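The structure file final-v3.cif is reproduced below (mmCIF, N, CA, C and O atoms and all ligand atoms).
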```cif
data_entry
#
loop_
_atom_site.label_atom_id
_atom_site.label_comp_id
_atom_site.auth_asym_id
_atom_site.auth_seq_id
_atom_site.Cartn_x
_atom_site.Cartn_y
_atom_site.Cartn_z
N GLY C 1 93.16 72.32 125.35
CA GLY C 1 91.99 72.86 124.69
C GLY C 1 90.97 73.40 125.68
O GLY C 1 90.30 72.64 126.37
N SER C 2 90.87 74.73 125.76
CA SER C 2 89.94 75.38 126.67
C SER C 2 88.50 75.21 126.19
O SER C 2 88.10 75.82 125.20
N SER C 3 87.73 74.39 126.90
CA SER C 3 86.34 74.15 126.54
C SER C 3 85.51 75.42 126.70
O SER C 3 85.40 75.97 127.79
N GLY C 4 84.92 75.87 125.60
CA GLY C 4 84.10 77.07 125.63
C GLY C 4 83.11 77.06 126.78
O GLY C 4 83.29 77.76 127.78
N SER C 5 82.05 76.27 126.64
CA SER C 5 81.02 76.17 127.66
C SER C 5 80.26 74.85 127.56
O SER C 5 79.87 74.43 126.47
N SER C 6 80.06 74.20 128.70
CA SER C 6 79.36 72.92 128.73
C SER C 6 78.19 72.97 129.72
O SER C 6 78.03 73.94 130.46
N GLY C 7 77.39 71.91 129.73
CA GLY C 7 76.25 71.85 130.63
C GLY C 7 75.91 70.44 131.04
O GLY C 7 76.55 69.86 131.91
N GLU C 8 74.89 69.87 130.40
CA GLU C 8 74.46 68.51 130.70
C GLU C 8 74.97 67.53 129.65
O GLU C 8 74.63 67.63 128.47
N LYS C 9 75.80 66.59 130.09
CA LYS C 9 76.36 65.59 129.19
C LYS C 9 75.26 64.86 128.42
O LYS C 9 74.64 63.94 128.94
N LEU C 10 75.03 65.28 127.18
CA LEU C 10 74.01 64.67 126.34
C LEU C 10 74.32 63.20 126.09
O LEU C 10 75.43 62.73 126.36
N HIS C 11 73.33 62.47 125.58
CA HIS C 11 73.49 61.05 125.30
C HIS C 11 73.77 60.82 123.82
O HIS C 11 73.47 61.67 122.98
N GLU C 12 74.34 59.66 123.49
CA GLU C 12 74.66 59.33 122.11
C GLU C 12 74.70 57.81 121.92
O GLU C 12 74.81 57.06 122.88
N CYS C 13 74.62 57.38 120.66
CA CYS C 13 74.65 55.96 120.34
C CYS C 13 76.05 55.38 120.55
O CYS C 13 77.01 56.12 120.75
N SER C 14 76.15 54.06 120.52
CA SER C 14 77.43 53.38 120.71
C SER C 14 77.90 52.74 119.41
O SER C 14 79.06 52.34 119.30
N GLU C 15 77.00 52.66 118.44
CA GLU C 15 77.33 52.07 117.15
C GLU C 15 77.62 53.15 116.11
O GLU C 15 78.60 53.07 115.37
N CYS C 16 76.77 54.17 116.07
CA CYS C 16 76.93 55.26 115.12
C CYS C 16 77.48 56.50 115.82
O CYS C 16 77.98 57.42 115.17
N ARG C 17 77.40 56.52 117.15
CA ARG C 17 77.89 57.64 117.93
C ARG C 17 77.13 58.92 117.60
O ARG C 17 77.72 59.98 117.41
N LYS C 18 75.81 58.81 117.52
CA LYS C 18 74.96 59.95 117.20
C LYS C 18 74.28 60.48 118.46
O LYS C 18 73.77 59.72 119.28
N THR C 19 74.28 61.81 118.61
CA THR C 19 73.66 62.44 119.77
C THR C 19 72.16 62.62 119.56
O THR C 19 71.68 62.71 118.42
N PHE C 20 71.42 62.68 120.66
CA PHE C 20 69.97 62.85 120.60
C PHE C 20 69.50 63.88 121.62
O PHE C 20 70.06 63.99 122.71
N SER C 21 68.46 64.63 121.27
CA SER C 21 67.91 65.65 122.15
C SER C 21 67.65 65.08 123.54
O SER C 21 67.97 65.71 124.55
N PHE C 22 67.08 63.88 123.59
CA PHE C 22 66.78 63.22 124.86
C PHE C 22 67.07 61.72 124.78
O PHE C 22 66.68 61.06 123.82
N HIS C 23 67.76 61.21 125.79
CA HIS C 23 68.11 59.79 125.83
C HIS C 23 66.94 58.93 125.36
O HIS C 23 67.11 58.03 124.54
N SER C 24 65.75 59.22 125.89
CA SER C 24 64.55 58.47 125.52
C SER C 24 64.60 58.05 124.05
O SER C 24 64.40 56.89 123.72
N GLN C 25 64.86 59.02 123.18
CA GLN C 25 64.93 58.76 121.75
C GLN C 25 66.11 57.84 121.42
O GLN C 25 65.95 56.84 120.72
N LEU C 26 67.28 58.19 121.93
CA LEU C 26 68.49 57.40 121.69
C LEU C 26 68.19 55.91 121.82
O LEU C 26 68.31 55.16 120.85
N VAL C 27 67.81 55.49 123.02
CA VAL C 27 67.50 54.09 123.28
C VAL C 27 66.69 53.49 122.13
O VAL C 27 66.92 52.35 121.73
N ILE C 28 65.73 54.26 121.62
CA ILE C 28 64.89 53.81 120.53
C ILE C 28 65.69 53.64 119.24
O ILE C 28 65.45 52.73 118.46
N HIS C 29 66.66 54.53 119.04
CA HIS C 29 67.50 54.48 117.85
C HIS C 29 68.34 53.21 117.83
O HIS C 29 68.32 52.45 116.86
N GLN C 30 69.09 52.98 118.91
CA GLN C 30 69.94 51.80 119.02
C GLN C 30 69.24 50.58 118.43
O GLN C 30 69.90 49.64 117.98
N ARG C 31 67.92 50.60 118.43
CA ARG C 31 67.14 49.49 117.90
C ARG C 31 67.47 49.25 116.43
O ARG C 31 67.86 48.14 116.04
N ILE C 32 67.32 50.28 115.61
CA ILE C 32 67.60 50.18 114.19
C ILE C 32 68.77 49.24 113.93
O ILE C 32 68.75 48.45 112.98
N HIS C 33 69.79 49.32 114.77
CA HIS C 33 70.97 48.47 114.64
C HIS C 33 70.62 47.01 114.91
O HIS C 33 70.84 46.14 114.07
N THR C 34 70.08 46.75 116.10
CA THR C 34 69.70 45.40 116.49
C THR C 34 68.53 44.90 115.66
O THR C 34 67.37 45.15 115.98
N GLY C 35 68.84 44.18 114.58
CA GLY C 35 67.79 43.65 113.72
C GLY C 35 67.81 42.13 113.66
O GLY C 35 68.00 41.46 114.68
N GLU C 36 67.60 41.59 112.46
CA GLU C 36 67.59 40.14 112.27
C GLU C 36 68.93 39.53 112.68
O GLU C 36 69.93 40.23 112.82
N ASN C 37 68.94 38.21 112.87
CA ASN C 37 70.15 37.50 113.26
C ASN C 37 70.65 36.61 112.13
O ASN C 37 70.41 35.40 112.11
N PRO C 38 71.35 37.22 111.17
CA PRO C 38 71.90 36.50 110.01
C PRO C 38 73.05 35.57 110.40
O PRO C 38 73.11 34.42 109.96
N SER C 39 73.96 36.07 111.23
CA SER C 39 75.10 35.29 111.68
C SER C 39 74.66 33.92 112.19
O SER C 39 73.87 33.83 113.14
N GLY C 40 75.17 32.87 111.57
CA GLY C 40 74.81 31.52 111.98
C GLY C 40 75.62 30.46 111.25
O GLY C 40 76.46 30.76 110.41
N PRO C 41 75.36 29.19 111.58
CA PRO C 41 76.06 28.05 110.96
C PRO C 41 75.67 27.86 109.50
O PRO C 41 76.38 27.21 108.74
N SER C 42 74.53 28.42 109.12
CA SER C 42 74.04 28.31 107.75
C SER C 42 75.15 28.62 106.75
O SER C 42 75.64 29.75 106.68
N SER C 43 75.55 27.62 105.98
CA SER C 43 76.61 27.78 104.99
C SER C 43 76.04 28.26 103.66
O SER C 43 76.58 29.16 103.02
N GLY C 44 74.94 27.64 103.24
CA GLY C 44 74.30 28.01 101.99
C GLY C 44 73.93 29.48 101.94
O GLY C 44 72.77 29.81 102.16
ZN ZN T 1 73.10 54.09 116.22
#
```
Would you mind writing the structure in this file as structure tokens?
Ligand SMILES: [Zn+2]
Amino acid sequence: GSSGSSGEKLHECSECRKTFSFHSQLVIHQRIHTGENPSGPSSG
């Protein structure tokens, strides 16, 4: 596959794999994922 044209390897998420204009934003996005901690011994 002949790559048309490339430049600066943009950044993207690791959970949703979404690209962002600037990494700065990306890092902020990854947050949405990291939320409350439900996983636990709590059976009820
Ligand atoms: Zn994400």
Please, which residues in chain C fall within 7 Å of ligand ZN 1 (chain T) when counting only C-alpha atoms and all ligand atoms, and what is the closest atom pair and distance in Å to one decimal for each, ordered by chain then residue number, as a tab-separated table?
```
residue	atom	partner	partner_atom	distance
C:13	CA	T:ZN1	ZN	4.8
C:14	CA	T:ZN1	ZN	6.3
C:15	CA	T:ZN1	ZN	4.8
C:16	CA	T:ZN1	ZN	4.2
C:17	CA	T:ZN1	ZN	6.2
C:18	CA	T:ZN1	ZN	6.2
C:29	CA	T:ZN1	ZN	5.8
C:30	CA	T:ZN1	ZN	4.8
C:33	CA	T:ZN1	ZN	6.2
```
Please identify all polymer residues within 8 Å of range 1-10 of chain C, counting all atoms listed in the file, omitting same-chain residues fewer than 4 positions from it, and present them as a ChimeraX atom specification. /C:18-23
For the atom pair CA of residue 38 in chain C and CA of residue 12 in chain C, what is the interatomic distance in Å to one decimal place? 26.0 Å
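These are the residues of chain C assigned strand (DSSP E) by DSSP from backbone coordinates: residues 11, 12, 19 and 20 of chain C.
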List every residue of chain C that DSSP, applied to the backbone, labels as helix (DSSP H, G or I), and write the result as number ranges by chain. C: 23-33
Kindly compute an axis-aligned box around the listed atoms of range 1-12 of chain C, allowing 5 Å on each side, and express its centre and edge lengths in Å to one decimal as lines of an AutoDock Vina configuration file.
```
center_x = 83.2
center_y = 67.4
center_z = 126.9
size_x = 29.8
size_y = 30.7
size_z = 20.0
```
